[PDB]
$ cat protein30.csv   # CSV, C-alpha atoms
chain,number,residue,atom,x,y,z
A,1,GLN,CA,86.0,106.7,121.8
A,2,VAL,CA,83.8,105.7,118.8
A,3,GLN,CA,83.2,102.0,119.5
A,4,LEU,CA,83.8,99.7,118.0
A,5,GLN,CA,84.0,98.5,114.4
A,6,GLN,CA,81.9,97.1,111.5
A,7,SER,CA,80.5,93.6,111.1
A,8,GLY,CA,81.2,90.8,108.7
A,9,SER,CA,79.2,89.2,105.8
A,10,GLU,CA,80.1,86.1,103.7
A,11,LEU,CA,78.8,84.8,100.4
A,12,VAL,CA,75.0,84.6,100.4
A,13,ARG,CA,72.9,82.5,98.0
A,14,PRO,CA,71.5,84.7,95.2
A,15,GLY,CA,68.1,86.2,95.8
A,16,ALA,CA,68.3,86.7,99.6
A,17,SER,CA,68.9,90.1,101.2
A,18,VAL,CA,72.2,90.4,103.0
A,19,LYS,CA,72.6,93.3,105.4
A,20,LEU,CA,75.7,95.0,106.7
A,21,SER,CA,75.7,96.3,110.3
A,22,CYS,CA,78.0,99.3,110.9
A,23,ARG,CA,78.3,99.6,114.6
A,24,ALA,CA,79.9,103.1,115.2
A,25,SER,CA,78.5,104.3,118.6
A,26,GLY,CA,80.5,107.4,119.5
A,27,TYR,CA,77.6,109.5,120.5
A,28,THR,CA,77.4,112.3,119.1
A,29,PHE,CA,73.7,111.3,118.6
A,30,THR,CA,72.1,111.7,116.3
A,31,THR,CA,73.1,114.4,113.9
A,32,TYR,CA,75.9,113.5,111.4
A,33,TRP,CA,76.3,112.0,107.9
A,34,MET,CA,77.4,108.3,107.8
A,35,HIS,CA,79.1,108.2,104.4
A,36,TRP,CA,80.0,104.7,103.2
A,37,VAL,CA,83.3,104.5,101.4
A,38,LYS,CA,83.9,101.4,99.1
A,39,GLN,CA,87.1,100.4,97.5
A,40,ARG,CA,87.9,97.7,94.9
A,41,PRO,CA,91.1,95.7,94.8
A,42,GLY,CA,91.9,98.2,92.0
A,43,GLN,CA,92.9,100.6,94.8
A,44,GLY,CA,90.3,103.3,93.8
A,45,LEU,CA,88.2,104.7,96.6
A,46,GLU,CA,84.5,105.1,95.6
A,47,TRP,CA,81.5,106.4,97.4
A,48,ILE,CA,78.4,104.4,98.3
A,49,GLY,CA,76.3,107.2,99.8
A,50,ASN,CA,75.3,108.8,103.1
A,51,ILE,CA,72.4,108.8,105.6
A,52,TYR,CA,71.1,111.3,108.1
A,53,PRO,CA,69.3,110.3,111.4
A,54,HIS,CA,67.5,113.4,112.6
A,55,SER,CA,64.9,113.4,109.8
A,56,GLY,CA,65.7,110.4,107.7
A,57,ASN,CA,67.2,111.6,104.5
A,58,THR,CA,69.4,109.2,102.6
A,59,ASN,CA,71.4,109.6,99.3
A,60,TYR,CA,72.8,107.5,96.5
A,61,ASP,CA,75.3,107.6,93.6
A,62,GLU,CA,75.0,106.7,89.9
A,63,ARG,CA,77.1,103.5,90.1
A,64,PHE,CA,75.3,102.1,93.1
A,65,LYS,CA,71.6,103.0,92.6
A,66,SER,CA,68.6,100.6,92.5
A,67,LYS,CA,68.4,99.7,95.2
A,68,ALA,CA,71.0,100.4,97.9
A,69,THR,CA,69.0,101.7,100.9
A,70,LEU,CA,70.7,103.3,103.9
A,71,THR,CA,68.2,102.6,106.8
A,72,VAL,CA,68.7,104.4,110.1
A,73,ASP,CA,67.6,103.3,113.6
A,74,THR,CA,68.7,105.4,116.5
A,75,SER,CA,67.8,102.8,119.1
A,76,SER,CA,70.6,100.4,117.9
A,77,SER,CA,72.8,103.2,116.4
A,78,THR,CA,73.7,101.2,113.2
A,79,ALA,CA,73.9,102.2,109.6
A,80,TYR,CA,73.0,99.6,106.8
A,81,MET,CA,74.9,99.6,103.6
A,82,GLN,CA,74.1,96.4,101.7
A,83,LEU,CA,73.0,96.4,98.1
A,84,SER,CA,70.4,94.0,96.7
A,85,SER,CA,69.9,92.7,93.2
A,86,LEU,CA,73.7,92.5,93.2
A,87,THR,CA,76.3,91.1,90.8
A,88,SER,CA,79.9,89.8,91.4
A,89,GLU,CA,81.4,93.3,91.1
A,90,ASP,CA,80.3,94.1,94.7
A,91,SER,CA,83.3,92.0,96.0
A,92,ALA,CA,85.0,95.0,97.6
A,93,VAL,CA,86.1,96.4,101.0
A,94,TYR,CA,83.2,98.4,102.5
A,95,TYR,CA,84.1,101.1,105.0
A,96,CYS,CA,82.1,103.5,107.2
A,97,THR,CA,83.2,107.2,107.3
A,98,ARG,CA,81.5,109.4,109.8
A,99,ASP,CA,81.1,113.1,109.3
A,100,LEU,CA,83.4,115.9,110.4
A,101,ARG,CA,85.2,118.7,108.4
A,102,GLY,CA,86.8,115.8,106.6
A,103,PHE,CA,85.9,112.1,106.5
A,104,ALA,CA,87.7,111.7,109.8
A,105,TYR,CA,86.1,108.7,111.6
A,106,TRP,CA,86.3,105.6,109.5
A,107,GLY,CA,85.5,102.1,110.5
A,108,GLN,CA,87.6,99.0,110.0
A,109,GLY,CA,85.8,97.7,106.9
A,110,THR,CA,84.5,94.4,105.5
A,111,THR,CA,84.9,92.7,102.1
A,112,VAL,CA,81.8,90.8,100.9
A,113,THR,CA,82.2,88.5,98.0
A,114,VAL,CA,78.9,87.7,96.4
A,115,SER,CA,78.3,85.2,93.5
A,116,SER,CA,76.8,81.7,93.1
A,117,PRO,CA,80.0,79.8,93.8
A,118,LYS,CA,81.0,76.4,95.3
A,119,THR,CA,83.4,76.3,98.3
A,120,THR,CA,86.5,74.3,97.4
A,121,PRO,CA,89.0,72.9,99.8
A,122,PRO,CA,92.7,73.7,99.4
A,123,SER,CA,95.4,71.1,98.6
A,124,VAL,CA,99.0,71.5,99.8
A,125,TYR,CA,101.5,70.4,97.1
A,126,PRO,CA,105.2,70.0,98.1
A,127,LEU,CA,107.6,72.5,96.6
A,128,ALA,CA,111.0,71.1,97.5
A,129,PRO,CA,114.1,70.9,95.2
A,130,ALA,CA,115.7,67.6,94.2
A,135,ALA,CA,124.4,72.8,97.5
A,136,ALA,CA,124.3,76.3,98.9
A,137,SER,CA,124.1,77.9,102.4
A,138,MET,CA,120.4,78.8,102.5
A,139,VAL,CA,117.5,77.3,100.6
A,140,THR,CA,114.1,78.9,100.2
A,141,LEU,CA,111.1,76.6,100.9
A,142,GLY,CA,107.4,76.7,100.2
A,143,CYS,CA,104.2,74.8,99.4
A,144,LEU,CA,101.8,75.9,96.6
A,145,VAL,CA,98.0,76.3,97.0
A,146,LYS,CA,95.9,75.7,93.9
A,147,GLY,CA,92.2,76.1,93.5
A,148,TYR,CA,90.4,77.5,96.5
A,149,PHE,CA,87.3,79.5,95.5
A,150,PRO,CA,86.5,81.9,98.4
A,151,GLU,CA,89.1,84.4,99.5
A,152,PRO,CA,89.3,83.2,103.2
A,153,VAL,CA,92.7,81.3,103.5
A,154,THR,CA,95.2,80.8,106.3
A,155,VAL,CA,99.0,81.4,106.3
A,156,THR,CA,101.2,79.7,108.9
A,157,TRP,CA,104.8,78.4,109.1
A,158,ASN,CA,105.6,76.0,112.0
A,159,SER,CA,102.6,77.5,114.0
A,160,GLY,CA,104.7,80.5,115.3
A,161,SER,CA,108.3,79.4,115.5
A,162,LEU,CA,109.7,80.0,112.0
A,163,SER,CA,107.8,83.1,110.8
A,164,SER,CA,110.9,85.1,110.0
A,165,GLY,CA,111.3,84.9,106.2
A,166,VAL,CA,107.7,84.2,105.3
A,167,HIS,CA,106.7,86.4,102.4
A,168,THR,CA,103.0,87.0,102.0
A,169,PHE,CA,102.1,86.6,98.3
A,170,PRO,CA,98.7,87.6,96.9
A,171,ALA,CA,96.2,85.2,95.5
A,172,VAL,CA,96.0,86.6,92.0
A,173,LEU,CA,93.2,85.2,89.8
A,174,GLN,CA,93.3,82.7,86.9
A,175,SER,CA,90.5,80.5,85.7
A,176,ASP,CA,88.3,81.5,88.7
A,177,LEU,CA,90.7,79.9,91.2
A,178,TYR,CA,93.0,81.7,93.7
A,179,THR,CA,96.7,80.9,93.7
A,180,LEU,CA,99.0,82.5,96.3
A,181,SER,CA,102.4,81.5,97.7
A,182,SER,CA,104.2,81.3,101.1
A,183,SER,CA,107.9,81.0,100.8
A,184,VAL,CA,110.2,80.7,103.8
A,185,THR,CA,114.0,80.5,104.1
A,186,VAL,CA,115.7,77.7,106.0
A,187,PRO,CA,119.4,77.3,106.9
A,188,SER,CA,121.4,74.1,106.2
A,189,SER,CA,121.8,73.2,109.9
A,190,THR,CA,118.0,72.7,110.3
A,191,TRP,CA,117.4,71.1,106.8
A,192,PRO,CA,116.7,68.3,106.7
A,193,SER,CA,117.3,68.2,110.5
A,194,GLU,CA,114.0,69.5,111.9
A,195,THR,CA,110.8,68.4,110.3
A,196,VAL,CA,109.3,71.5,108.7
A,197,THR,CA,105.5,71.7,107.8
A,198,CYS,CA,103.1,74.2,106.4
A,199,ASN,CA,99.5,74.1,107.5
A,200,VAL,CA,97.0,76.2,105.7
A,201,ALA,CA,93.3,76.3,106.5
A,202,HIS,CA,90.1,77.3,104.7
A,203,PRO,CA,87.3,78.8,107.0
A,204,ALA,CA,84.6,78.7,104.4
A,205,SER,CA,85.0,75.0,103.5
A,206,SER,CA,86.1,74.0,107.0
A,207,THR,CA,88.8,71.8,105.6
A,208,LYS,CA,92.4,71.4,106.9
A,209,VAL,CA,95.2,70.1,104.6
A,210,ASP,CA,98.6,69.3,106.0
A,211,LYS,CA,101.9,68.0,104.5
A,212,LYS,CA,105.4,67.4,105.9
A,213,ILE,CA,108.2,68.5,103.6
A,214,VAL,CA,110.7,65.8,102.5
A,215,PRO,CA,113.9,66.3,100.6
A,216,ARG,CA,113.5,64.6,97.2
B,52,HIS,CA,86.7,188.2,89.4
B,53,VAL,CA,84.8,185.7,90.2
B,54,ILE,CA,85.3,185.0,93.9
B,55,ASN,CA,85.2,181.3,94.5
B,56,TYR,CA,84.0,178.7,96.4
B,57,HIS,CA,83.4,175.0,96.3
B,58,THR,CA,85.6,173.6,99.1
B,59,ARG,CA,87.1,170.2,98.5
B,60,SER,CA,85.5,168.5,101.5
B,61,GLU,CA,84.2,165.4,99.7
B,62,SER,CA,87.5,164.9,97.8
B,63,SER,CA,89.2,164.2,101.2
B,64,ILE,CA,90.7,160.8,102.1
B,65,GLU,CA,88.2,160.0,104.9
B,66,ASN,CA,85.1,161.0,102.9
B,67,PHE,CA,86.3,158.9,100.0
B,68,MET,CA,87.2,155.9,102.1
B,69,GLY,CA,84.6,156.0,104.9
B,70,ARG,CA,81.7,154.1,103.4
B,71,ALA,CA,80.5,150.8,104.7
B,72,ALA,CA,81.7,148.5,101.9
B,73,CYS,CA,80.8,144.8,101.9
B,74,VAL,CA,83.9,142.6,101.9
B,75,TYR,CA,82.7,139.0,102.2
B,76,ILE,CA,79.4,137.2,102.2
B,77,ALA,CA,79.5,134.3,104.7
B,78,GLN,CA,77.1,131.4,104.2
B,79,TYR,CA,76.2,128.7,106.7
B,80,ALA,CA,73.2,126.6,107.7
B,81,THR,CA,71.7,124.5,110.5
B,82,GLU,CA,71.3,121.1,109.0
B,83,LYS,CA,74.5,120.3,107.0
B,84,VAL,CA,73.4,119.6,103.5
B,85,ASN,CA,76.9,119.6,101.9
B,86,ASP,CA,80.2,121.6,102.1
B,87,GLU,CA,79.6,124.4,101.5
B,88,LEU,CA,76.4,125.5,103.1
B,89,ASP,CA,77.5,123.5,106.1
B,90,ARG,CA,77.0,124.9,109.6
B,91,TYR,CA,80.2,126.5,111.0
B,92,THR,CA,81.8,128.5,108.2
B,93,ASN,CA,84.8,130.7,108.5
B,94,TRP,CA,86.8,133.4,106.6
B,95,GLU,CA,90.3,134.7,107.1
B,96,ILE,CA,90.2,138.5,107.0
B,97,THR,CA,91.3,140.1,103.8
B,98,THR,CA,90.0,143.2,102.0
$ encode --input "protein30.csv" --output "structure tokens"
Amino acid sequence: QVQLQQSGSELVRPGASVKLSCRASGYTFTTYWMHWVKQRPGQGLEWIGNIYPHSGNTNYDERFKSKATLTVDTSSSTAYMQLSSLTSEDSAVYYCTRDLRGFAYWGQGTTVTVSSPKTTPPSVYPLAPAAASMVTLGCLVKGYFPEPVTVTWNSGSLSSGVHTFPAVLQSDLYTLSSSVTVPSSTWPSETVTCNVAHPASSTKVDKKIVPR
Amino acid sequence: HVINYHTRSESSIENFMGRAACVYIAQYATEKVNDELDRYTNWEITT
């Protein structure tokens, strides 16, 4: 089987050269076309270019030229797809399609958000009402800058009615939601908490939910 | 009279149909540049 997946890259300070590392080793070595598929959060699938290992011929496309190089090294069997002189529009999921009659062998992909930002910690605010059989719960997140965030409810014991809401953008700050439904026999009987985490700022915020 | 001549041998069915006629021009390569002119081409038979 073509092992294993692609690598990860985080936000890099502007001016340095980041580098992806696409680690498909399913040899088949080394005569194929490693075409890199890139897709925005606008759900459109675009093409970043391909590379050929037997002689060394790369390619490019009009919306990603100058200077996205696709270097090849058959000793390590990796394909490099990072673009320098970048802007913030390169914040998109970056796949790795191998060559067949179609685009059959993809990778798993990585999203690389690049800017000159500041990593902000999250802050759990209690969403609790101040009557009926079941009440929906939740705790709002407001103002975390990089897209790594964590979603838990009771650390793996009340993950039934957790709806995963997107962090749509306003004022350059991500705002998602995580609402869970509780029955009246456990509220306010057991102490419910929500614990979110930010890997990029390495900050943990917790809050216990109280009836107001 | 005049006596006559000119047998219809080339107006036959097999003399009109039997001629090596090209039906398809298959194209392939060794290094795959794109599709088409990829290696390994194919063609379902139709005349």
$ interface_residues --input "protein30.csv" --of "chain A" --to "chain B" --cutoff "12 Å" --atoms "only C-alpha atoms" --output "PDB file with C-alpha atoms, keeping the file's coordinate frame"
ATOM      1  CA  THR A  30      72.100 111.700 116.300  1.00  0.00           C
ATOM      2  CA  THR A  31      73.100 114.400 113.900  1.00  0.00           C
ATOM      3  CA  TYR A  32      75.900 113.500 111.400  1.00  0.00           C
ATOM      4  CA  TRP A  33      76.300 112.000 107.900  1.00  0.00           C
ATOM      5  CA  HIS A  35      79.100 108.200 104.400  1.00  0.00           C
ATOM      6  CA  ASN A  50      75.300 108.800 103.100  1.00  0.00           C
ATOM      7  CA  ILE A  51      72.400 108.800 105.600  1.00  0.00           C
ATOM      8  CA  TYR A  52      71.100 111.300 108.100  1.00  0.00           C
ATOM      9  CA  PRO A  53      69.300 110.300 111.400  1.00  0.00           C
ATOM     10  CA  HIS A  54      67.500 113.400 112.600  1.00  0.00           C
ATOM     11  CA  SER A  55      64.900 113.400 109.800  1.00  0.00           C
ATOM     12  CA  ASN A  57      67.200 111.600 104.500  1.00  0.00           C
ATOM     13  CA  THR A  58      69.400 109.200 102.600  1.00  0.00           C
ATOM     14  CA  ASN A  59      71.400 109.600  99.300  1.00  0.00           C
ATOM     15  CA  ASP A  99      81.100 113.100 109.300  1.00  0.00           C
ATOM     16  CA  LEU A 100      83.400 115.900 110.400  1.00  0.00           C
ATOM     17  CA  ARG A 101      85.200 118.700 108.400  1.00  0.00           C
ATOM     18  CA  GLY A 102      86.800 115.800 106.600  1.00  0.00           C
ATOM     19  CA  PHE A 103      85.900 112.100 106.500  1.00  0.00           C
TER      20      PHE A 103
END
$ atom_distance --input "protein30.csv" --atom1 "CA of residue 15 in chain A" --atom2 "CA of residue 84 in chain A"
8.2 Å
$ atom_distance --input "protein30.csv" --atom1 "CA of residue 54 in chain B" --atom2 "CA of residue 66 in chain B"
25.6 Å
$ closest_residue --input "protein30.csv" --among "A:85, A:128, A:5, A:49" --to "residue 66 in chain A" --atoms "only C-alpha atoms"
A:85
$ atom_distance --input "protein30.csv" --atom1 "CA of residue 113 in chain A" --atom2 "CA of residue 125 in chain A"
26.5 Å
$ residues_near_point --input "protein30.csv" --point "(89.5, 97.7, 98.9)" --cutoff "12 Å" --atoms "only C-alpha atoms" --output "count of residues only"
23
$ closest_residue --input "protein30.csv" --among "A:120, A:7, A:195, A:156" --to "residue 81 in chain A" --atoms "only C-alpha atoms"
A:7
$ residues_around --input "protein30.csv" --residues "residue 3 in chain A" --least-positions-apart "5" --cutoff "9 Å" --atoms "all atoms listed in the file" --output "PyMOL selection string"
chain A and resi 23-26
